[PDB]
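Student: Here it is, the structure in full.
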Amino acid sequence: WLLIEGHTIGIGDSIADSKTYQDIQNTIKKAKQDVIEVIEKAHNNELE
Amino acid sequence: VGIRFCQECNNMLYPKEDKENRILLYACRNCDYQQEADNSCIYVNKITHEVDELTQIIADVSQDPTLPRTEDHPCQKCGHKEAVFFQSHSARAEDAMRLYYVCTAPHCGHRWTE
Ligand SMILES: [Zn+2]
Ligand SMILES: [Zn+2]
């Protein structure tokens, strides 16, 4: 039956929507900002 | 506090007290030289090492190319609104990540921590 249906995999299966890329970049930027904040706290000696 | 050697015998000195006058008389044991103890102290030990690293940070680290450089936190003796910072990187001295700053002027070097 798979002869009829067939299966595959390609670049189209790895590309996501532009909105997804924007959300992912926003999440990464927020994470980087948060770790910058916590390392700043550690540098200034307030991390209990 | 420190350590002294001879005046005429170039040899190291131990501590000792005076049986008669009751005064700490640092006396050579390899020879017969003595002196009165002006300090009146014999031994000190800082096991936890409160002594901050500022007493031994070298000034010329400022002109190291590879360290960071921050514009804020200007120096005190001279304004010179740009300096460098770097962690202690000294195992067992203290478990405090306080950044150590040193001014980067050609002849300055006033060090501080904040
Ligand atoms: Zn001697
Ligand atoms: Zn300075």
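Following Swiss-Prot, chain B residues are numbered 12-125, in order.
Method reported for this entry: electron microscopy, 3.4 Å.
Cβ atoms are placed via backbone N, Cα and C, with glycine included.
Feature list, courtesy of Swiss-Prot:
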- B:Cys17, B:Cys20, B:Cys39, B:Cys42: Zn(2+) 1 binding site (BINDING)
- B:17-42: zinc finger (ZN_FING)
- B:82-124: zinc finger (ZN_FING)
- B:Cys86, B:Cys89, B:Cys114, B:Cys119: Zn(2+) 2 binding site (BINDING)
Student: Using an 8 Å cut-off from the Cβ centroid of B:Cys17, B:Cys20, B:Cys39, B:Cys42, can you name the remaining same-chain residues around the Zn(2+) 1 site, in sequence order?
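Tutor: Along the chain, the qualifying residues are B:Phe16, B:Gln18, B:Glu19, B:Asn21, B:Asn22, B:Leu24, B:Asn41, B:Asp43, B:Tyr44.
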Student: Could you tell me which of the binding-site residues B:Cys86, B:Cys89, B:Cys114, B:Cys119 have their C-beta within a distance under 6 angstroms of some atom of ligand 1?
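Tutor: By the Cβ criterion, which requires under 6 Å to ligand 1, there are no hits.
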Student: What are the DSSP helix, strand and coil residue counts for the zinc finger (B:82-124)?
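Tutor: Residue counts for the zinc finger (B:82-124) by secondary structure: 0 helix, 11 strand, 32 coil.
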Student: Tell me which of the binding-site residues B:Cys86, B:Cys89, B:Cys114, B:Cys119 ends up closest to B:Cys20 (Zn(2+) 1 binding site) in space, Cα to Cα.
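Tutor: Of all the candidates listed, B:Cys119 is nearest in space.
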Student: Can you tell which of the binding-site residues B:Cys17, B:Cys39, B:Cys42 lies nearest to B:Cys89 (Zn(2+) 2 binding site) in space, using Cα positions?
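Tutor: When the Cα distances are compared, B:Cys17 comes out closest.
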Student: B:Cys39 (Zn(2+) 1 binding site): which of the binding-site residues B:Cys86, B:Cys114, B:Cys119 is the nearest Cα neighbour?
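Tutor: Closest recorded candidate to B:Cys39 (Zn(2+) 1 binding site) by Cα: B:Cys119.
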Student: Measure from each Cβ of the binding-site residues B:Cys17, B:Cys20, B:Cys39, B:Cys42 to the atoms of ligand 2 and list the residues where some distance is under 6 Å.
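Tutor: Cβ under 6 Å from ligand 2: none.
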Student: Please report the Cα separation of B:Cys42 (Zn(2+) 1 binding site) and B:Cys114 (Zn(2+) 2 binding site) in Å, rounded to an integer.
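Tutor: Roughly 49 Å, rounded to the nearest whole number.
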Student: Identify which of the binding-site residues B:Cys17, B:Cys20, B:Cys86 has its Cβ surrounded by the largest number of other Cβ atoms within 10 Å, counting every protein chain shown.
Tutor: B:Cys86
Student: Which residues, sitting 6 or more apart from B:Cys114 (Zn(2+) 2 binding site) on the same chain, put a CB under 8 Å from its CB?
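Tutor: Result: B:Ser73, B:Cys86, B:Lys88, B:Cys89, B:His91, B:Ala94, B:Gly120, B:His121, B:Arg122.
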Student: With DSSP, how much of the zinc finger (B:17-42) is helix, how much strand and how much coil, in residues?
Tutor: 0 helix, 7 strand, 19 coil
Student: Cβ atoms within 10 Å, counted per site: which of B:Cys39, B:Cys42 has the most, among these binding-site residues?
Tutor: B:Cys39
Student: Neighbour count first, Cβ atoms within 10 Å, every protein chain included; then name which of B:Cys89, B:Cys119 tops the list of binding-site residues.
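Tutor: Top count of Cβ atoms within 10 Å goes to B:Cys119.
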Student: Do me a favour and check the Cα-Cα span between B:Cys17 (Zn(2+) 1 binding site) and B:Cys119 (Zn(2+) 2 binding site); whole Å is fine.
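Tutor: Checking the Cα atoms of B:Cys17 (Zn(2+) 1 binding site) and B:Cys119 (Zn(2+) 2 binding site) gives a distance of 38 Å.
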